[PDB]
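Student: This one is work_3.pdb, PDB, C-alpha atoms (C1' of nucleotides).
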MODEL        1
ATOM      1  CA  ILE A   1     -30.487  34.868 -14.260
ATOM      2  CA  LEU A   2     -29.263  38.428 -13.609
ATOM      3  CA  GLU A   3     -28.955  39.039 -17.351
ATOM      4  CA  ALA A   4     -32.442  37.569 -17.817
ATOM      5  CA  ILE A   5     -33.988  39.899 -15.228
ATOM      6  CA  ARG A   6     -32.164  42.912 -16.656
ATOM      7  CA  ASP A   7     -33.187  41.997 -20.218
ATOM      8  CA  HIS A   8     -36.789  40.768 -19.763
ATOM      9  CA  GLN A   9     -39.898  42.071 -18.022
ATOM     10  CA  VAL A  10     -41.006  38.464 -17.393
ATOM     11  CA  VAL A  11     -38.501  35.847 -16.214
ATOM     12  CA  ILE A  12     -39.238  32.194 -15.435
ATOM     13  CA  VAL A  13     -36.972  29.899 -13.390
ATOM     14  CA  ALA A  14     -37.457  26.140 -12.961
ATOM     15  CA  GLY A  15     -35.681  24.253 -10.187
ATOM     16  CA  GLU A  16     -35.639  20.933  -8.361
ATOM     17  CA  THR A  17     -35.913  20.180  -4.656
ATOM     18  CA  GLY A  18     -32.263  21.001  -3.927
ATOM     19  CA  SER A  19     -31.788  23.989  -6.226
ATOM     20  CA  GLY A  20     -31.948  27.106  -4.044
ATOM     21  CA  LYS A  21     -33.470  29.439  -6.654
ATOM     22  CA  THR A  22     -35.966  30.521  -3.965
ATOM     23  CA  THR A  23     -33.057  31.548  -1.749
ATOM     24  CA  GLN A  24     -30.923  33.228  -4.403
ATOM     25  CA  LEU A  25     -33.433  35.128  -6.600
ATOM     26  CA  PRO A  26     -34.080  38.026  -4.136
ATOM     27  CA  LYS A  27     -30.296  38.403  -3.811
ATOM     28  CA  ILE A  28     -30.097  38.484  -7.621
ATOM     29  CA  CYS A  29     -32.639  41.323  -7.586
ATOM     30  CA  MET A  30     -30.419  42.919  -4.930
ATOM     31  CA  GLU A  31     -27.351  42.588  -7.158
ATOM     32  CA  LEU A  32     -29.250  44.251  -9.983
ATOM     33  CA  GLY A  33     -30.365  47.013  -7.632
ATOM     34  CA  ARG A  34     -34.041  46.249  -7.083
ATOM     35  CA  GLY A  35     -35.621  46.823  -3.694
ATOM     36  CA  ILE A  36     -34.718  50.522  -3.547
ATOM     37  CA  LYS A  37     -37.469  52.287  -5.485
ATOM     38  CA  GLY A  38     -40.017  49.555  -4.748
ATOM     39  CA  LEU A  39     -40.244  46.414  -2.682
ATOM     40  CA  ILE A  40     -39.452  42.915  -3.940
ATOM     41  CA  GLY A  41     -42.579  40.828  -3.469
ATOM     42  CA  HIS A  42     -41.857  37.111  -3.099
ATOM     43  CA  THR A  43     -45.053  35.037  -3.140
ATOM     44  CA  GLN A  44     -45.164  31.743  -1.248
ATOM     45  CA  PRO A  45     -48.070  29.267  -1.070
ATOM     46  CA  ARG A  46     -47.554  28.479   2.632
ATOM     47  CA  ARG A  47     -47.054  30.540   5.784
ATOM     48  CA  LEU A  48     -44.288  28.340   7.203
ATOM     49  CA  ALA A  49     -42.502  28.326   3.830
ATOM     50  CA  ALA A  50     -42.617  32.134   3.554
ATOM     51  CA  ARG A  51     -41.469  32.561   7.174
ATOM     52  CA  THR A  52     -38.647  30.055   6.677
ATOM     53  CA  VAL A  53     -37.321  31.607   3.458
ATOM     54  CA  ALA A  54     -37.529  35.160   4.859
ATOM     55  CA  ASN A  55     -35.658  34.239   8.048
ATOM     56  CA  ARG A  56     -33.248  32.143   5.956
ATOM     57  CA  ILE A  57     -32.194  35.007   3.693
ATOM     58  CA  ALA A  58     -32.083  37.371   6.675
ATOM     59  CA  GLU A  59     -29.642  34.975   8.365
ATOM     60  CA  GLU A  60     -27.723  34.552   5.096
ATOM     61  CA  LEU A  61     -27.270  38.321   4.771
ATOM     62  CA  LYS A  62     -26.564  38.536   8.549
ATOM     63  CA  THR A  63     -29.540  40.770   9.324
ATOM     64  CA  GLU A  64     -32.244  40.134  11.811
ATOM     65  CA  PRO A  65     -35.668  39.375  10.310
ATOM     66  CA  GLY A  66     -38.055  42.291  10.115
ATOM     67  CA  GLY A  67     -35.267  44.503   8.803
ATOM     68  CA  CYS A  68     -34.110  44.298   5.187
ATOM     69  CA  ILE A  69     -36.096  41.163   4.326
ATOM     70  CA  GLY A  70     -39.400  40.587   6.106
ATOM     71  CA  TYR A  71     -42.561  38.475   5.767
ATOM     72  CA  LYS A  72     -46.194  39.598   5.911
ATOM     73  CA  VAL A  73     -48.688  36.858   6.640
ATOM     74  CA  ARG A  74     -51.838  37.152   8.730
ATOM     75  CA  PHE A  75     -51.091  39.780  11.420
ATOM     76  CA  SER A  76     -47.346  39.355  11.149
ATOM     77  CA  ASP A  77     -46.748  42.917   9.934
ATOM     78  CA  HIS A  78     -43.078  42.072  10.446
ATOM     79  CA  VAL A  79     -41.660  44.778   8.184
ATOM     80  CA  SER A  80     -39.747  47.944   9.089
ATOM     81  CA  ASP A  81     -39.238  51.073   7.003
ATOM     82  CA  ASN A  82     -35.738  49.958   5.941
ATOM     83  CA  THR A  83     -37.074  46.829   4.222
ATOM     84  CA  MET A  84     -36.596  46.023   0.607
ATOM     85  CA  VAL A  85     -37.700  42.372   0.262
ATOM     86  CA  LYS A  86     -41.267  41.511   1.248
ATOM     87  CA  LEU A  87     -42.512  37.931   1.568
ATOM     88  CA  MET A  88     -46.260  37.401   1.073
ATOM     89  CA  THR A  89     -48.852  34.678   0.345
ATOM     90  CA  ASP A  90     -50.762  34.910  -2.954
ATOM     91  CA  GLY A  91     -53.738  35.674  -0.720
ATOM     92  CA  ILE A  92     -51.925  38.589   0.927
ATOM     93  CA  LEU A  93     -51.196  39.962  -2.532
ATOM     94  CA  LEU A  94     -54.888  39.315  -3.335
ATOM     95  CA  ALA A  95     -55.646  41.560  -0.388
ATOM     96  CA  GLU A  96     -53.246  44.272  -1.523
ATOM     97  CA  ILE A  97     -54.562  44.428  -5.122
ATOM     98  CA  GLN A  98     -57.650  46.302  -3.922
ATOM     99  CA  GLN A  99     -55.531  48.489  -1.630
ATOM    100  CA  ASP A 100     -53.369  49.464  -4.634
ATOM    101  CA  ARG A 101     -54.401  48.348  -8.126
ATOM    102  CA  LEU A 102     -51.186  49.408  -9.890
ATOM    103  CA  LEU A 103     -48.913  47.299  -7.605
ATOM    104  CA  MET A 104     -47.020  50.518  -7.105
ATOM    105  CA  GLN A 105     -45.462  49.447  -3.789
ATOM    106  CA  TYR A 106     -43.332  46.838  -5.595
ATOM    107  CA  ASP A 107     -40.844  46.790  -8.449
ATOM    108  CA  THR A 108     -40.264  43.017  -8.588
ATOM    109  CA  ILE A 109     -42.923  40.357  -8.030
ATOM    110  CA  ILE A 110     -41.651  36.812  -7.501
TER
ATOM    111  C1'   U B   1    -242.756 -68.828  18.344
ATOM    112  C1'   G B   2    -246.061 -74.749  14.945
ATOM    113  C1'   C B   3    -243.102 -76.225   9.988
ATOM    114  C1'   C B   4    -238.633 -76.092   6.846
ATOM    115  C1'   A B   5    -239.781 -81.601   0.097
ATOM    116  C1'   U B   6    -235.703 -85.156  -2.572
ATOM    117  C1'   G B   7    -230.379 -86.382  -4.063
ATOM    118  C1'   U B   8    -226.026 -83.594  -4.415
ATOM    119  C1'   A B   9    -217.889 -82.028  -4.808
ATOM    120  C1'   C B  10    -210.994 -83.091  -2.454
ATOM    121  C1'   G B  11    -204.807 -84.303  -4.133
ATOM    122  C1'   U B  12    -196.715 -86.919  -3.151
ATOM    123  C1'   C B  13    -189.949 -84.616  -3.560
ATOM    124  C1'   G B  14    -184.543 -83.955  -6.616
ATOM    125  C1'   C B  15    -178.018 -80.826  -8.732
ATOM    126  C1'   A B  16    -172.109 -80.246  -8.878
ATOM    127  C1'   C B  17    -165.964 -78.341  -9.296
ATOM    128  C1'   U B  18    -161.865 -77.438 -12.637
ATOM    129  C1'   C B  19    -155.230 -77.103 -15.098
ATOM    130  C1'   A B  20    -147.466 -79.645 -13.101
ATOM    131  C1'   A B  21    -141.685 -79.293 -14.711
ATOM    132  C1'   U B  22    -138.446 -78.692 -22.384
ATOM    133  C1'   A B  23    -130.653 -75.975 -26.003
ATOM    134  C1'   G B  24    -126.861 -73.923 -27.753
ATOM    135  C1'   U B  25    -121.994 -70.357 -26.071
ATOM    136  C1'   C B  26    -114.066 -72.811 -26.851
ATOM    137  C1'   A B  27    -110.062 -69.572 -25.248
ATOM    138  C1'   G B  28    -107.898 -64.978 -23.013
ATOM    139  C1'   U B  29     -98.833 -64.274 -23.293
ATOM    140  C1'   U B  30     -95.035 -62.632 -18.800
ATOM    141  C1'   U B  31     -94.050 -59.196 -14.937
ATOM    142  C1'   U B  32     -94.813 -54.689 -11.696
ATOM    143  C1'   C B  33     -94.731 -50.773  -8.032
ATOM    144  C1'   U B  34     -98.581 -48.759  -4.929
ATOM    145  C1'   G B  35     -98.937 -48.417   2.235
ATOM    146  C1'   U B  36     -98.064 -45.374   6.696
ATOM    147  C1'   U B  37     -97.354 -42.091  12.497
ATOM    148  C1'   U B  38     -94.416 -39.507  14.697
ATOM    149  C1'   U B  39     -92.337 -34.583  17.810
ATOM    150  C1'   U B  40     -97.020 -31.381  17.100
ATOM    151  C1'   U B  41     -95.424 -24.285  19.750
ATOM    152  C1'   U B  42     -95.361 -22.859  12.808
ATOM    153  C1'   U B  43     -93.165 -17.282  16.579
ATOM    154  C1'   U B  44     -92.101 -13.511  19.522
ATOM    155  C1'   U B  45     -89.337  -5.170  18.158
ATOM    156  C1'   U B  46     -85.142  -2.307  16.919
ATOM    157  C1'   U B  47     -81.330   1.706  15.966
ATOM    158  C1'   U B  48     -77.186   5.877  15.083
ATOM    159  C1'   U B  49     -69.825   4.469  12.824
ATOM    160  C1'   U B  50     -65.410   8.136   9.970
ATOM    161  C1'   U B  51     -61.283  12.004   8.439
ATOM    162  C1'   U B  52     -57.130  14.688   0.083
ATOM    163  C1'   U B  53     -55.828  19.060   0.958
ATOM    164  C1'   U B  54     -54.165  24.078   0.963
ATOM    165  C1'   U B  55     -53.794  30.344   0.897
ATOM    166  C1'   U B  56     -56.772  35.440   2.400
ATOM    167  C1'   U B  57     -55.167  43.942   4.005
TER
ENDMDL
END
Any chance you could put this one into structure tokens?
Tutor:
Amino acid sequence: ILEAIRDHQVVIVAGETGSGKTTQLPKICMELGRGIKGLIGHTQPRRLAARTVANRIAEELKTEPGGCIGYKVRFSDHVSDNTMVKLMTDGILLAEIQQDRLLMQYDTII
RNA sequence: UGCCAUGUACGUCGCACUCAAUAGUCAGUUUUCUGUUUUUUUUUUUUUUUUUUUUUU
């Protein structure tokens, strides 16, 4: 997967219910080096799912949520300046497209 | 206020009520339903009814 994301501009991953690709892919972007110049936007279809995966990877990296890896859903602006992974619902990204058309805040969109 | 010449012709009769009775002509297969009273009123205005599912500076 790391070779795929360092060799392709578009990567696609397929996984079952017990895979963990959702958990590991932001850490794969970390091991490449993404997150530094621009945030890593991970889109989730559900608020509880986005909250759970953000807190899960924060606990896995032994950081409190709202630090390195934080989630933005409706009025949970739970992101500090030292973030690099940003959870968001497709609607929240739909809100940010008009705020910045170029998606310049991010470098990786999951 | 005196007189008035003579003889001169008769008979009998009829009418009514009525009139009756007559020629010939044999037969018609068996079986059937149809049939009767009685309580009477038939008829009365109604109602609210269920739910995949998921995201938005």
Student: Just the number, please: distance in Å from atom CA of residue 10 of chain A to atom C1' of residue 54 of chain B, one decimal.
Tutor: 26.8 Å
Student: Taking only C-alpha atoms (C1' of nucleotides) into account, find every residue of chain A that has an atom no more than 10 Å from chain B, and write it out as a PyMOL selection string.
Tutor: chain A and resi 44-47+73-75+89-99
Student: Could the residues in this selection be written to a file with C-alpha atoms, as a tab-separated table (two decimals), in the coordinates of the input?
Tutor:
chain	number	residue	atom	x	y	z
A	44	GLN	CA	-45.16	31.74	-1.25
A	45	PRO	CA	-48.07	29.27	-1.07
A	46	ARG	CA	-47.55	28.48	2.63
A	47	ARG	CA	-47.05	30.54	5.78
A	73	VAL	CA	-48.69	36.86	6.64
A	74	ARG	CA	-51.84	37.15	8.73
A	75	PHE	CA	-51.09	39.78	11.42
A	89	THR	CA	-48.85	34.68	0.34
A	90	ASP	CA	-50.76	34.91	-2.95
A	91	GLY	CA	-53.74	35.67	-0.72
A	92	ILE	CA	-51.92	38.59	0.93
A	93	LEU	CA	-51.20	39.96	-2.53
A	94	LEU	CA	-54.89	39.32	-3.34
A	95	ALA	CA	-55.65	41.56	-0.39
A	96	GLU	CA	-53.25	44.27	-1.52
A	97	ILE	CA	-54.56	44.43	-5.12
A	98	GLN	CA	-57.65	46.30	-3.92
A	99	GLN	CA	-55.53	48.49	-1.63
Student: The PyMOL selection byres ((chain A and resi 26-34) around 12) - which residues does that actually catch in the file I just gave you? List them as a count of residues only.
Tutor: 43
Student: Suppose you want the space between atom CA of residue 76 of chain A and atom CA of residue 50 of chain A; what is it in Å?
Tutor: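 Going from atom CA of residue 76 of chain A over to atom CA of residue 50 of chain A, I get 11.5 Å.
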Student: At what distance in Å, to one decimal, does atom CA of residue 48 of chain A lie from atom CA of residue 14 of chain A?
Tutor: 21.4 Å
Student: Reconstruct N, CA and C atoms of segment 34-56 of chain A; output as a compact mmCIF listing (two decimals), keeping the file's coordinate frame.
Tutor:
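See result12.txt below for the written result:
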# COMPACT_ATOMS: atom_id res chain seq x y z
N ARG A 34 -32.64 46.20 -7.48
CA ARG A 34 -34.04 46.25 -7.08
C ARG A 34 -34.18 46.24 -5.56
N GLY A 35 -35.36 46.62 -5.10
CA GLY A 35 -35.62 46.82 -3.69
C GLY A 35 -35.60 48.27 -3.25
N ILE A 36 -34.94 49.15 -4.00
CA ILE A 36 -34.72 50.52 -3.55
C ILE A 36 -35.94 51.38 -3.84
N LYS A 37 -36.33 51.46 -5.12
CA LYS A 37 -37.47 52.29 -5.48
C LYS A 37 -38.78 51.62 -5.10
N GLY A 38 -38.82 50.28 -5.12
CA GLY A 38 -40.02 49.56 -4.75
C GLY A 38 -39.64 48.20 -4.20
N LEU A 39 -40.56 47.63 -3.41
CA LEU A 39 -40.24 46.41 -2.68
C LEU A 39 -40.19 45.21 -3.63
N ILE A 40 -39.56 44.14 -3.15
CA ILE A 40 -39.45 42.92 -3.94
C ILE A 40 -40.41 41.89 -3.36
N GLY A 41 -41.56 41.72 -4.00
CA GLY A 41 -42.58 40.83 -3.47
C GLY A 41 -42.33 39.39 -3.88
N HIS A 42 -42.06 38.55 -2.89
CA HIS A 42 -41.86 37.11 -3.10
C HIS A 42 -43.08 36.37 -2.56
N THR A 43 -43.82 35.74 -3.47
CA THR A 43 -45.05 35.04 -3.14
C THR A 43 -44.73 33.59 -2.77
N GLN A 44 -45.27 33.13 -1.65
CA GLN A 44 -45.16 31.74 -1.25
C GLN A 44 -46.55 31.15 -1.00
N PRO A 45 -46.75 29.86 -1.28
CA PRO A 45 -48.07 29.27 -1.07
C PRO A 45 -48.36 28.88 0.37
N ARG A 46 -47.37 28.94 1.26
CA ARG A 46 -47.55 28.48 2.63
C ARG A 46 -46.89 29.44 3.61
N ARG A 47 -47.54 29.62 4.76
CA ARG A 47 -47.05 30.54 5.78
C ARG A 47 -45.69 30.12 6.31
N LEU A 48 -45.55 28.84 6.67
CA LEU A 48 -44.29 28.34 7.20
C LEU A 48 -43.18 28.43 6.17
N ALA A 49 -43.50 28.20 4.89
CA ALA A 49 -42.50 28.33 3.83
C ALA A 49 -42.04 29.77 3.67
N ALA A 50 -42.98 30.72 3.68
CA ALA A 50 -42.62 32.13 3.55
C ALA A 50 -41.79 32.61 4.75
N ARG A 51 -42.21 32.22 5.96
CA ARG A 51 -41.47 32.56 7.17
C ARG A 51 -40.06 31.99 7.13
N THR A 52 -39.94 30.73 6.71
CA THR A 52 -38.65 30.06 6.68
C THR A 52 -37.71 30.70 5.67
N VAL A 53 -38.21 31.03 4.47
CA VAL A 53 -37.32 31.61 3.46
C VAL A 53 -36.94 33.04 3.82
N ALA A 54 -37.86 33.80 4.45
CA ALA A 54 -37.53 35.16 4.86
C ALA A 54 -36.46 35.16 5.95
N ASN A 55 -36.66 34.34 6.99
CA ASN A 55 -35.66 34.24 8.05
C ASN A 55 -34.35 33.66 7.52
N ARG A 56 -34.43 32.76 6.54
CA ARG A 56 -33.25 32.14 5.96
C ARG A 56 -32.39 33.17 5.24
